[PDB]
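Here is the file my_file.tsv (TSV, C-alpha atoms).
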```
chain	number	residue	atom	x	y	z
D	1	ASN	CA	-14.14	160.18	81.71
D	2	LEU	CA	-10.47	161.50	81.99
D	3	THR	CA	-11.45	164.08	84.68
D	4	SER	CA	-11.31	161.11	87.23
D	5	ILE	CA	-7.84	159.48	86.55
D	6	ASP	CA	-5.20	159.86	89.31
D	7	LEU	CA	-1.62	159.30	87.94
D	8	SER	CA	-0.17	160.99	91.12
D	9	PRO	CA	2.31	159.54	93.65
D	10	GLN	CA	-0.56	159.69	96.22
D	11	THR	CA	0.85	159.95	99.82
D	12	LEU	CA	4.21	158.28	98.79
D	13	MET	CA	6.17	161.58	99.23
D	14	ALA	CA	4.93	162.14	102.83
D	15	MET	CA	5.05	158.37	103.61
D	16	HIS	CA	8.81	158.25	102.61
D	17	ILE	CA	9.50	161.44	104.70
D	18	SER	CA	7.82	159.86	107.82
D	19	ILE	CA	10.06	156.74	107.23
D	20	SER	CA	13.28	158.82	106.75
D	21	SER	CA	12.47	160.62	110.09
D	22	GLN	CA	12.72	157.41	112.22
D	23	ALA	CA	15.22	155.38	110.07
D	24	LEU	CA	17.75	158.32	110.03
D	25	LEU	CA	17.40	158.76	113.83
D	26	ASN	CA	17.70	154.93	114.31
D	27	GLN	CA	20.91	155.14	112.17
D	28	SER	CA	22.31	157.60	114.83
D	29	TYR	CA	21.08	155.38	117.76
D	30	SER	CA	22.90	152.42	116.08
D	31	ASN	CA	26.10	154.55	115.86
D	32	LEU	CA	25.66	155.46	119.58
D	33	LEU	CA	25.42	151.72	120.61
D	34	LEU	CA	28.57	150.92	118.50
D	35	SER	CA	30.58	153.98	119.82
D	36	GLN	CA	29.74	153.29	123.50
D	37	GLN	CA	32.75	151.91	125.46
D	38	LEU	CA	32.19	148.17	126.34
D	39	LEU	CA	32.26	146.97	129.99
D	40	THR	CA	35.73	145.32	130.49
D	41	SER	CA	35.86	145.05	134.38
D	42	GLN	CA	35.82	141.51	135.90
D	43	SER	CA	36.15	142.77	139.54
D	44	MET	CA	32.32	143.05	140.09
D	45	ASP	CA	29.30	140.65	140.52
D	46	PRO	CA	30.35	137.74	138.20
D	47	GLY	CA	26.64	136.78	137.56
D	48	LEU	CA	25.42	140.33	136.57
D	49	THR	CA	28.70	141.28	134.73
D	50	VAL	CA	28.04	138.38	132.21
D	51	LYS	CA	24.35	139.53	131.69
D	52	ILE	CA	25.44	143.15	130.82
D	53	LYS	CA	28.41	142.12	128.53
D	54	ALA	CA	26.03	139.58	126.78
D	55	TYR	CA	23.26	142.22	126.29
D	56	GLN	CA	25.74	144.96	125.18
D	57	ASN	CA	27.22	142.44	122.65
D	58	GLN	CA	23.78	141.30	121.33
D	59	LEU	CA	22.80	145.04	120.83
D	60	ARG	CA	26.00	145.94	118.87
D	61	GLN	CA	25.26	142.92	116.55
D	62	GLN	CA	21.72	144.32	115.84
D	63	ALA	CA	23.08	147.92	115.50
D	64	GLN	CA	25.68	146.73	112.90
D	65	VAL	CA	22.93	144.75	111.02
D	66	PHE	CA	20.62	147.83	110.89
D	67	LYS	CA	23.54	150.18	109.91
D	68	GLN	CA	25.10	147.96	107.11
D	69	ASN	CA	22.15	145.78	105.80
D	70	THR	CA	18.73	147.37	106.68
D	71	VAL	CA	19.77	150.94	105.63
D	72	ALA	CA	20.87	149.51	102.20
D	73	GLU	CA	17.51	147.62	101.91
D	74	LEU	CA	15.70	151.03	102.43
D	75	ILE	CA	17.95	152.99	99.98
D	76	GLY	CA	16.87	150.24	97.52
D	77	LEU	CA	13.11	151.05	97.96
D	78	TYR	CA	13.79	154.83	97.65
D	79	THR	CA	15.73	154.28	94.33
D	80	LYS	CA	12.65	152.36	93.02
D	81	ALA	CA	10.59	155.59	93.55
D	82	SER	CA	13.16	157.72	91.56
D	83	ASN	CA	13.06	155.01	88.85
D	84	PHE	CA	9.22	155.30	88.74
D	85	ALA	CA	9.45	159.14	88.44
D	86	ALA	CA	11.87	158.68	85.48
D	87	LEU	CA	9.32	156.33	83.79
D	88	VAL	CA	6.47	158.91	84.22
D	89	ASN	CA	8.67	161.57	82.44
D	90	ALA	CA	8.92	159.12	79.49
D	91	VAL	CA	5.06	159.05	79.27
D	92	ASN	CA	5.16	162.88	79.29
D	93	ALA	CA	7.72	162.90	76.38
D	94	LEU	CA	5.52	160.37	74.42
D	95	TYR	CA	2.71	163.05	74.40
D	96	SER	CA	4.65	165.27	71.88
D	97	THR	CA	1.35	164.58	69.86
D	98	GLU	CA	3.43	163.60	66.77
D	99	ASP	CA	1.88	160.07	66.84
D	100	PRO	CA	-1.52	159.32	65.17
D	101	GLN	CA	-2.12	156.36	67.65
D	102	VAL	CA	-0.80	158.41	70.68
D	103	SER	CA	-3.76	157.34	73.00
D	104	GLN	CA	-3.39	153.50	72.44
D	105	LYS	CA	0.45	153.77	73.05
D	106	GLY	CA	-0.21	155.96	76.14
D	107	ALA	CA	-2.71	153.40	77.57
D	108	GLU	CA	-0.15	150.55	76.97
D	109	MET	CA	2.57	152.38	79.01
D	110	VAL	CA	0.28	153.44	81.89
D	111	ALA	CA	-0.82	149.73	82.03
D	112	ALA	CA	2.95	148.79	82.13
D	113	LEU	CA	3.69	151.22	85.05
D	114	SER	CA	0.74	149.56	86.93
D	115	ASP	CA	2.82	146.31	86.69
D	116	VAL	CA	6.05	148.08	87.92
D	117	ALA	CA	4.13	149.64	90.86
D	118	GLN	CA	2.86	146.11	91.73
D	119	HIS	CA	6.55	144.89	91.76
D	120	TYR	CA	7.61	147.88	93.97
D	121	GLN	CA	4.68	146.99	96.32
D	122	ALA	CA	5.99	143.38	96.66
D	123	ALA	CA	9.59	144.75	97.06
D	124	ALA	CA	8.42	146.96	99.97
D	125	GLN	CA	6.48	144.02	101.53
D	126	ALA	CA	9.76	141.97	101.52
D	127	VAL	CA	11.60	144.74	103.46
D	128	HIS	CA	8.68	145.18	105.96
D	129	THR	CA	8.60	141.40	106.66
D	130	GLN	CA	12.36	141.57	107.64
D	131	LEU	CA	11.75	144.64	109.93
D	132	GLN	CA	8.75	142.81	111.54
D	133	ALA	CA	10.99	139.71	112.20
D	134	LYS	CA	13.71	141.83	113.91
D	135	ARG	CA	11.07	143.70	116.00
D	136	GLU	CA	9.73	140.30	117.28
D	137	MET	CA	13.33	139.35	118.40
D	138	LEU	CA	14.34	142.83	119.79
D	139	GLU	CA	11.23	143.36	122.07
D	140	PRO	CA	11.84	140.15	124.14
D	141	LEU	CA	15.66	140.81	124.24
D	142	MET	CA	15.09	144.25	125.89
D	143	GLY	CA	12.09	142.88	127.87
D	144	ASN	CA	14.34	140.18	129.47
D	145	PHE	CA	17.10	142.69	130.39
D	146	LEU	CA	14.43	145.00	132.02
D	147	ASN	CA	13.21	142.06	134.23
D	148	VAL	CA	16.96	141.72	135.24
D	149	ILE	CA	17.31	145.45	136.23
D	150	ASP	CA	13.91	145.30	138.02
D	151	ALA	CA	14.73	142.17	140.15
D	152	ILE	CA	17.91	144.04	141.35
D	153	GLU	CA	16.03	147.36	142.07
D	154	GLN	CA	13.14	145.58	143.99
D	155	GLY	CA	15.73	144.61	146.69
D	156	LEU	CA	17.33	148.09	147.22
D	157	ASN	CA	16.81	150.41	150.26
D	158	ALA	CA	14.71	153.64	149.74
D	159	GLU	CA	17.77	155.98	149.20
D	160	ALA	CA	19.03	153.82	146.22
D	161	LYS	CA	15.53	153.42	144.64
D	162	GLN	CA	15.24	157.27	144.58
D	163	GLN	CA	18.75	157.63	143.02
D	164	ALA	CA	17.68	155.00	140.40
D	165	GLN	CA	14.32	156.77	139.67
D	166	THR	CA	16.15	160.17	139.28
D	167	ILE	CA	18.29	158.44	136.56
D	168	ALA	CA	15.25	156.71	134.88
D	169	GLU	CA	13.38	160.10	134.82
D	170	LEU	CA	16.42	161.98	133.34
D	171	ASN	CA	16.98	159.35	130.54
D	172	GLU	CA	13.22	159.76	129.68
D	173	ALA	CA	13.66	163.62	129.55
D	174	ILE	CA	16.90	163.46	127.44
D	175	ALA	CA	15.11	161.21	124.87
D	176	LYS	CA	12.36	163.90	124.44
D	177	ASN	CA	15.12	166.57	123.93
D	178	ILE	CA	17.03	164.49	121.28
D	179	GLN	CA	13.74	163.84	119.40
D	180	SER	CA	13.04	167.66	119.43
D	181	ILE	CA	16.58	168.39	118.03
D	182	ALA	CA	16.40	165.68	115.33
D	183	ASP	CA	12.97	167.09	114.16
D	184	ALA	CA	14.51	170.61	113.75
D	185	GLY	CA	17.58	169.21	111.88
D	186	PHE	CA	15.31	167.09	109.59
D	187	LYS	CA	13.14	170.12	108.50
D	188	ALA	CA	10.21	167.78	107.47
D	189	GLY	CA	12.34	166.04	104.75
D	190	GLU	CA	14.07	169.15	103.26
D	191	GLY	CA	16.87	169.16	105.91
D	192	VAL	CA	20.52	167.93	105.72
D	193	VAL	CA	20.68	165.88	108.97
D	194	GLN	CA	23.68	165.55	111.33
D	195	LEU	CA	23.76	164.51	115.05
D	196	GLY	CA	27.01	164.31	117.13
D	197	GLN	CA	28.16	162.50	120.32
D	198	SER	CA	30.41	163.08	123.40
D	199	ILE	CA	31.03	161.59	126.88
D	200	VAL	CA	28.17	163.00	129.10
D	201	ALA	CA	28.54	160.95	132.34
D	202	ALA	CA	30.79	158.36	134.07
D	203	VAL	CA	30.47	155.49	136.62
D	204	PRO	CA	33.38	155.05	139.11
D	205	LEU	CA	34.03	151.25	139.67
D	206	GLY	CA	35.08	150.05	143.23
D	207	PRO	CA	38.94	149.79	143.68
D	208	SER	CA	44.14	149.30	137.63
D	209	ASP	CA	41.18	147.60	135.78
D	210	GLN	CA	38.55	150.06	134.25
D	211	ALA	CA	38.86	153.17	136.55
D	212	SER	CA	35.42	154.25	135.13
D	213	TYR	CA	32.70	153.26	132.60
D	214	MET	CA	32.38	156.29	130.18
D	215	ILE	CA	28.77	157.01	128.98
D	216	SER	CA	28.36	158.32	125.39
D	217	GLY	CA	25.31	160.49	124.55
D	218	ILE	CA	23.87	162.13	121.37
D	219	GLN	CA	24.59	165.90	121.03
D	220	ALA	CA	23.42	168.64	118.61
D	221	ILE	CA	26.09	169.76	116.06
D	222	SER	CA	25.79	173.54	116.94
D	223	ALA	CA	25.19	174.52	120.64
D	224	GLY	CA	23.73	177.86	119.29
D	225	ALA	CA	22.56	177.56	115.59
D	226	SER	CA	20.24	174.41	115.71
D	227	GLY	CA	16.61	175.60	115.22
D	228	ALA	CA	15.53	174.00	118.56
D	229	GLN	CA	17.53	176.19	121.00
D	230	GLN	CA	15.27	175.35	124.02
D	231	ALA	CA	15.76	171.56	123.50
D	232	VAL	CA	19.60	172.08	123.17
D	233	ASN	CA	19.59	174.08	126.48
D	234	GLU	CA	17.44	171.37	128.26
D	235	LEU	CA	19.80	168.64	126.88
D	236	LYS	CA	22.90	170.46	128.32
D	237	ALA	CA	21.15	170.95	131.74
D	238	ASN	CA	19.83	167.31	131.80
D	239	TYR	CA	23.30	165.80	130.94
D	240	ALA	CA	24.76	167.88	133.85
D	241	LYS	CA	22.15	166.34	136.26
D	242	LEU	CA	22.60	162.83	134.72
D	243	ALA	CA	26.38	162.96	135.52
D	244	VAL	CA	25.65	163.89	139.21
D	245	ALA	CA	22.92	161.17	139.53
D	246	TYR	CA	25.23	158.28	138.30
D	247	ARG	CA	28.01	159.46	140.73
D	248	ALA	CA	25.38	159.11	143.54
D	249	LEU	CA	23.99	155.62	142.62
D	250	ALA	CA	27.58	154.39	141.88
D	251	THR	CA	28.87	154.90	145.50
D	252	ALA	CA	26.98	151.67	146.58
D	253	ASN	CA	25.55	150.17	143.27
D	254	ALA	CA	28.13	150.81	140.44
D	255	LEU	CA	27.28	147.75	138.28
D	256	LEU	CA	23.51	148.61	138.32
D	257	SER	CA	24.43	152.21	137.19
D	258	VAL	CA	26.18	150.59	134.13
D	259	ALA	CA	23.19	148.25	133.39
D	260	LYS	CA	20.85	151.34	133.46
D	261	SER	CA	23.20	153.37	131.14
D	262	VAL	CA	23.16	150.49	128.53
D	263	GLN	CA	19.35	149.93	128.78
D	264	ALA	CA	18.75	153.71	128.17
D	265	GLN	CA	20.69	153.41	124.82
D	266	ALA	CA	18.87	150.10	123.94
D	267	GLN	CA	15.46	151.79	124.63
D	268	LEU	CA	16.20	154.58	122.05
D	269	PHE	CA	17.27	151.98	119.41
D	270	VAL	CA	14.38	149.48	120.01
D	271	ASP	CA	11.64	152.19	120.37
D	272	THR	CA	12.60	153.92	117.05
D	273	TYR	CA	13.13	150.48	115.38
D	274	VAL	CA	9.44	149.75	116.24
D	275	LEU	CA	8.38	153.18	114.79
D	276	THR	CA	10.47	152.40	111.63
D	277	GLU	CA	8.62	149.02	111.25
D	278	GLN	CA	5.20	150.77	111.79
D	279	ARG	CA	5.73	153.57	109.16
D	280	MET	CA	7.09	150.91	106.71
D	281	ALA	CA	3.92	148.74	107.26
D	282	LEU	CA	1.83	151.28	105.22
D	283	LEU	CA	4.31	151.55	102.24
D	284	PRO	CA	3.31	148.32	100.35
D	285	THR	CA	-0.40	149.41	100.49
D	286	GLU	CA	0.57	152.88	99.10
D	287	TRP	CA	2.44	151.30	96.11
D	288	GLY	CA	-0.66	149.06	95.63
D	289	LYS	CA	-2.81	152.25	95.47
D	290	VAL	CA	-0.56	153.57	92.60
D	291	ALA	CA	-0.93	150.12	90.89
D	292	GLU	CA	-4.80	150.18	91.14
D	293	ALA	CA	-4.98	153.91	90.08
D	294	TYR	CA	-2.79	153.22	86.99
D	295	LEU	CA	-4.74	150.01	86.04
D	296	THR	CA	-8.12	151.92	86.12
D	297	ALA	CA	-6.59	154.95	84.26
D	298	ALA	CA	-5.26	152.98	81.22
D	299	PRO	CA	-8.56	151.91	79.50
D	300	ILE	CA	-9.92	155.49	80.11
D	301	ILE	CA	-6.80	157.08	78.42
D	302	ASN	CA	-7.47	154.62	75.50
D	303	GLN	CA	-11.08	156.00	74.97
D	304	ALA	CA	-9.54	159.54	74.29
D	305	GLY	CA	-9.68	159.55	70.42
D	306	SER	CA	-10.63	163.28	69.76
D	307	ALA	CA	-8.34	166.38	69.39
D	308	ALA	CA	-9.57	167.99	72.69
D	309	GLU	CA	-9.46	164.59	74.55
D	310	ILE	CA	-5.74	164.02	73.57
D	311	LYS	CA	-4.97	167.67	74.57
D	312	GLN	CA	-6.74	167.05	77.98
D	313	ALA	CA	-4.76	163.77	78.49
D	314	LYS	CA	-1.40	165.53	77.69
D	315	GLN	CA	-2.40	168.10	80.40
D	316	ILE	CA	-3.42	165.38	83.01
D	317	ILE	CA	-0.04	163.57	82.35
D	318	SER	CA	2.17	166.75	82.31
D	319	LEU	CA	0.70	167.77	85.76
D	320	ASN	CA	1.26	164.30	87.32
D	321	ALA	CA	4.88	164.36	85.93
D	322	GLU	CA	5.64	167.59	87.91
D	323	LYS	CA	4.30	165.80	91.06
D	324	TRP	CA	6.71	162.84	90.48
D	325	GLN	CA	9.68	165.24	89.78
D	326	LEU	CA	9.05	167.06	93.11
D	327	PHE	CA	8.89	163.60	94.83
D	328	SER	CA	12.14	162.54	93.02
D	329	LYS	CA	13.93	165.56	94.69
D	330	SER	CA	12.60	164.59	98.18
D	331	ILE	CA	14.10	161.08	97.45
D	332	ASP	CA	17.48	162.47	96.21
D	333	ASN	CA	17.82	164.38	99.56
D	334	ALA	CA	16.79	161.32	101.69
D	335	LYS	CA	19.47	159.15	99.93
D	336	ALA	CA	22.10	161.93	100.47
D	337	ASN	CA	21.06	162.02	104.18
D	338	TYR	CA	21.29	158.17	104.59
D	339	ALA	CA	24.83	158.46	103.06
D	340	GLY	CA	25.96	161.47	105.21
D	341	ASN	CA	24.29	160.32	108.47
D	342	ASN	CA	26.32	157.01	108.36
D	343	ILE	CA	28.90	158.66	110.73
D	344	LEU	CA	28.12	160.16	114.24
D	345	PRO	CA	30.94	162.73	114.69
D	346	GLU	CA	32.54	163.81	118.06
D	347	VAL	CA	31.65	167.37	119.33
D	348	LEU	CA	33.91	169.61	121.50
D	349	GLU	CA	33.46	172.94	123.48
```
Reformat the file's structure so that it appears as structure tokens.
Amino acid sequence: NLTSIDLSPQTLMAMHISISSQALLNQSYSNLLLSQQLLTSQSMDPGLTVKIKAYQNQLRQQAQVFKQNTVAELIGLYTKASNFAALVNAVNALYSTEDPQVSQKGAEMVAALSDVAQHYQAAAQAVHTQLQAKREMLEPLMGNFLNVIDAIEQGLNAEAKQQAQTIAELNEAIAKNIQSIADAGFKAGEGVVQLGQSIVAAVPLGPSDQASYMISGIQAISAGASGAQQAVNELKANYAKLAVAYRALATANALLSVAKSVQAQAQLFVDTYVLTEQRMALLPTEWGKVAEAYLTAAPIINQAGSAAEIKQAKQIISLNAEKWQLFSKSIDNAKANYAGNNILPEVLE
């Protein structure tokens, strides 16, 4: 009986919001990697200088790819959801009970949307397979650069290892702060996201070439109106300490200080890329659930041949339409955010 058909978006609304959350942030981490000053100096360890410049270059290539290609691929999948909402409205409009065969024509269209949902499932799979491929190339790229930093650190005296750990610990703290700020800006999908950037630290380089390597860091847009004031205060305090800690490690190991600064930025990008891939892994299945739900619903909608059965079906469809319209708005805002969040503006005090 009709009482059992589910023409709803299921967990698509929430599933798209959990994707937006990481993809939008990863958009900002891509902008950070592309804004960061390159290492120019050729007056330091020739062997390690080439490993940093090579890694920094390989990261900007992947940041550009994510920013220009992968974001567009996602906006494509979101549009497909709007499109589906629009089609459900049409089914609603068809139930103006003017038509003497209204239930056979209704069944036919629900059966057709089952097909569309199956295409949107396959479209999502295609995007996930590309994200999975990049993940499998990014993990070993970062993994290899970590083994390079580690080999260098394993040969330092105790004073330098402590200066290096202080830095590693602060980068880990700063990442938790940024995440807290981004969550507050995002407002669980209903927010209009913006993150900024500024120079936060510097690495003096032994004695003009590149007097100093300038370190770019994410910043909140409003140092007193973001709805995560404690995180903004911790971020300010942590950047202050980060500046001091690089000045310390730099006295003796300047080039390692640089390598660490780059790896901290890579970590944010690769970690949230992995989370983007993982949230996207569930999307094809969720479209497939809409496909199965719509396939099962159609023959049941066809059995409705009475006055009260057609009235009940109009009601079941009108309700599920409202659900898709609400979802369509969540999508409109996500697309506006992917457009607006394409730039990571400078912030000044």
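For the atom pair formed by CA of residue 278 (chain D) and CA of residue 19 (chain D), the distance is 8.9 Å, given to one decimal.
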| task | Mind giving me the straight-line distance from CA of residue 129 (chain D) to CA of residue 284 (chain D) in Å, one decimal? | result | 10.8 Å
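If you measure from each of D:252, D:110, D:173, D:245 to residue 6 (chain D) using all atoms listed in the file, the closest one turns out to be D:110.
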| task | Tell me, in Å to one decimal, how far CA of residue 162 (chain D) is from CA of residue 39 (chain D). | result | 24.7 Å
| message | Please determine, counting all atoms listed in the file, which residue among D:327, D:287, D:145, D:294 has the shortest atom-to-atom distance to residue 17 (chain D). | response | D:327
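Residues in contact with residue 47 (chain D) at 12 Å, where all atoms listed in the file are counted and same-chain residues fewer than 5 positions away are skipped, are listed as residues 42, 52, 53, 54, 148, 152 and 255 of chain D.
Proximity of D:106, D:204, D:100, D:155 to residue 244 (chain D), computed with all atoms listed in the file, is greatest for D:204.
Using all atoms listed in the file, the nearest neighbour of residue 172 (chain D) within the list D:94, D:235, D:291, D:259 is D:235.
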| request: Name all residues at most 6 Å from region 301-307 of chain D (count all atoms listed in the file; drop same-chain ones fewer than 3 positions away) and give them as a list in words. | output: residues 103, 104, 107, 298 and 310 of chain D
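Comparing the minimum interatomic distances between residue 333 (chain D) and each of D:28, D:79, D:22, D:118, counting only C-alpha atoms, we find that D:79 sits nearest.
Using all atoms listed in the file, the contacts of region 211-218 of chain D at a cut-off of 6 Å, with sequence neighbours closer than 2 positions omitted, comprise residues 36, 196, 197, 198, 199, 200, 201, 202, 203, 204 and 205 of chain D.
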| message | When you count all atoms listed in the file, which of these residues is closest to residue 236 (chain D): D:210, D:177, D:289, D:257? | response | D:177
| message | Applying 10 Å and only C-alpha atoms, which residues near residue 126 (chain D) remain after dropping the ones on its own chain fewer than 5 positions away? List them as a count of residues only. | response | 5
| message | Applying 10 Å and only C-alpha atoms, which residues near residue 165 (chain D) remain after dropping the ones on its own chain fewer than 5 positions away? List them as a PyMOL selection string. | response | chain D and resi 153+160+170-171+245
| Protein, DNA and RNA residues within 12 Å of (5.4, 153.7, 110.7), only C-alpha atoms, as number ranges by chain | D: 14-23, 128, 131-132, 271-284
Would you compute an axis-aligned box for region 79-92 of chain D, covering every atom listed for it in the file with 6 Å of margin on each side, and report centre and edge lengths in Å to one decimal as lines of an AutoDock Vina configuration file?
```
center_x = 10.4
center_y = 157.6
center_z = 86.8
size_x = 22.7
size_y = 22.5
size_z = 27.1
```
